[PDB]
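Report on the structure given below.
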Protein chains: 2
Amino acid sequence: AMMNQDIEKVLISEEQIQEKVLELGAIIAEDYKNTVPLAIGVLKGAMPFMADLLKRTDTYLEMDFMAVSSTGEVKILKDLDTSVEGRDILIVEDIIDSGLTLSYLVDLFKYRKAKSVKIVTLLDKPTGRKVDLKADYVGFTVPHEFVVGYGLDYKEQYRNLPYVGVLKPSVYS
Amino acid sequence: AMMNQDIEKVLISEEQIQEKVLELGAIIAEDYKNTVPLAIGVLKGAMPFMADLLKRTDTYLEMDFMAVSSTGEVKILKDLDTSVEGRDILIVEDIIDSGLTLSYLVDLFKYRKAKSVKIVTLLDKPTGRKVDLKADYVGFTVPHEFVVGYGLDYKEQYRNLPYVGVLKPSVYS
Ligand SMILES: O=P(O)(O)OC[C@H]1O[C@H](OP(=O)(O)OP(=O)(O)O)[C@H](O)[C@@H]1O
Ligand SMILES: O=P(O)(O)OC[C@H]1O[C@H](OP(=O)(O)OP(=O)(O)O)[C@H](O)[C@@H]1O
Ligand SMILES: Nc1nc2cc[nH]c2c(=O)[nH]1
Ligand SMILES: Nc1nc2cc[nH]c2c(=O)[nH]1
Ligand SMILES: [Mg+2]
Ligand SMILES: [Mg+2]
Ligand SMILES: [Mg+2]
Ligand SMILES: [Mg+2]
């Protein structure tokens with residue numbers, strides 16, 4: 001019962017997330033009802049949201065995954081194993097903060113001739129923006145705080161919390 | 001409401017999976033209570049189980065991901081971004097069938113000097129084995145047929161079903 005003792009405040013509960021993914025999943029299913037999109041998870045943080053969102057998205061779709069790191073220079077650690085040419089792409093993310101990561105990826109998929117590119121993110125932190133980037137679908141907006149949980153790490157830990165929270169001061173030493 | 005029409009039988013319901021991940025998560029949390037393991041998801045299929053299992057695993061842990069493609073020759077498409085040297089590794093998988101994929105990965109992590117290597121899989125199909133390989137933790141045993149859902153694809157589709165099922169014969173046509 002240790003991680004919970006590191007959390008100062010639960011910002012978004014597991015029950016809130018469960019309701020929101022049920023809602024978004026049905027809306028996204030209708031949006032994509034006449035195509036087989038490629039849903040692309042941005043590793044590592046997107047995995048819990050992507051799993052639970054797409055379980056609630058009752059439509060035919062395919063999945064793939066990318067890994068990126070990050071001065072404004074973004075590096076691909078793992079590229080797709082699927083062509084995006086002529087595909088409808090849905091990028092799945094855990095948080096948009098500065099906007100850098102998704103600005104890079106959207107331009108990459110447009111360069112590769114995607115038919116359309118949309119974004120769904122669990123969390124959006126609009127106060128963090130350094131470039132203009134908005135998602136098509138957003139679970140929750142969050143304040144200008146470092147959050148963890150439901151995919152989001154502090155030094156690679158806490159991703160497995162089933163809720164989104166803020167850390168206690170002492171955790172930062 | 002269309003994928004369901006492709007399914008002849010639900011083998012394992014969403015409620016069954018939810019109960020089993022709750023049980024396994026608590027067991028695994030105790031096993032790993034005195035270490036920070038590296039949980040490694042085998043893409044693409046492991047993502048739904050890994051998300052839902054680790055949300056129910058109340059312990060400190062880190063995550064990473066690998067992608068492989070199976071003659072018996074296994075190909076790494078995406079390697080880890082984390083060293084396994086001296087780490088306790090938990091491999092997370094959706095199904096073990098022939099055993100090839102995981103026999104490859106276990107040997108790779110031992111070669112890289114992991115302190116320990118264990119496996120948790122959602123499904124196990126013991127009738128499919130071509131090499132000797134057993135997981136430390138198994139959600140469900142399944143019979144000798146092709147299943148889809150909860151991560152498992154037919155031609156990259158059906159991974160987003162929230163249950164495990166068998167496809168109607170017409171789908172193969
Ligand atoms: O909008 P940005 O300012 O670009 O920040 C958002 C990105 O940063 C985090 O990923 P991180 O690089 O920490 O990798 P991780 O997902 O593996 O934790 C987060 O999951 C997003 O991908
Ligand atoms: O025990 P085996 O006979 O080795 O079969 C098990 C593997 O095969 C499937 O993966 P697949 O190669 O289809 O890739 P996927 O996970 O991306 O679907 C499955 O998800 C396991 O990883
Ligand atoms: N865990 C975590 N990662 C990032 C990356 C950008 N913003 C955040 C945040 O608020 N929390
Ligand atoms: N979808 C799916 N993939 C694999 C890969 C090995 N066995 C199976 C199975 O039964 N179903
Ligand atoms: Mg990320
Ligand atoms: Mg991070
Ligand atoms: Mg697989
Ligand atoms: Mg497969």
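By convention in this document, chain letters (A, B, ...) are assigned in the order of the sequence lines, proteins followed by strands, and residues within each chain are numbered from 1. Quick note: numbers below take in every heavy atom, side chains included, and nothing from hydrogens, waters or symmetry partners.
When each of B:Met2, B:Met47, B:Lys155, B:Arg159 is scored by its heavy-atom pairs under 4.5 Å with chain A, the top score falls to B:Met47. Between chain B and the residues A:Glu62, A:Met3, A:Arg56, the most heavy-atom pairs under 4.5 angstrom are made by A:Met3. Listed options A:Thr59, A:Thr82, A:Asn4 were ranked by heavy-atom pairs under 4.5 angstrom with chain B; first place goes to A:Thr59.
With a threshold of 4.5 angstrom between heavy atoms, B:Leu77 approaches chain A through side-chain atoms but not through N, CA, C or O. Neither the backbone nor the side chain of B:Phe49 has a heavy atom closer than 4.5 Å to any heavy atom of chain A. Only the side chain of A:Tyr150 comes within contact range of chain B, with heavy atoms under 4.5 Å apart. Heavy atoms of A:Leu61 lying under 4.5 Å from chain B belong to its backbone as well as its side chain. Heavy-atom distances place both the backbone and the side chain of B:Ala1 under 4.5 Å from chain A. Proximity to chain A (any heavy atom under 4.5 Å) is shown, for B:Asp153, by neither the backbone nor the side chain. Looking at B:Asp79, neither its backbone nor its side chain comes within 4.5 Å of chain A, counting heavy atoms on both sides. With a 4.5 Å cut-off on non-hydrogen atoms, A:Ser69 does not touch chain B at all.
Side chains of B:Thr141 and B:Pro126 form a contact here, defined as non-hydrogen atoms less than 4.5 Å apart.
Using modelled atom types, no side-chain atom of A:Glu30 and backbone atom of A:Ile27 make a donor-acceptor pair closer than 3.5 Å.
Judged purely by distance below 3.5 Å, without hydrogens or angles, the side chains of B:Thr35 and B:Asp88 pair a donor atom with an acceptor atom. Under the 3.5 Å distance criterion, with hydrogens and angles disregarded, no donor-acceptor pair is assigned to the side chains of A:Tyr60 and B:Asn160.
In summary, the aromatic rings of A:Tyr154 and A:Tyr172 are positioned with their centroids under 6.0 Å apart.
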_Trace of the side-chain contact (heavy atoms from CB on, under 4.5 Å) decision for A:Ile40 with A:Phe65_ = CA-CA 5 Å; A:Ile40 300 175; A:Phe65 300 93; 5.9 Å; no
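In this structure, A:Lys20 satisfies the cation-pi test against A:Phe140, with its NZ or CZ atom closer than 6.0 Å to the six-membered ring centre and inside 45 degrees of the ring normal.
With hydrophobic clusters built from ILVMFWY side chains whose heavy atoms lie under 4.5 angstrom apart, A:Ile119 shares a cluster with A:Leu108.
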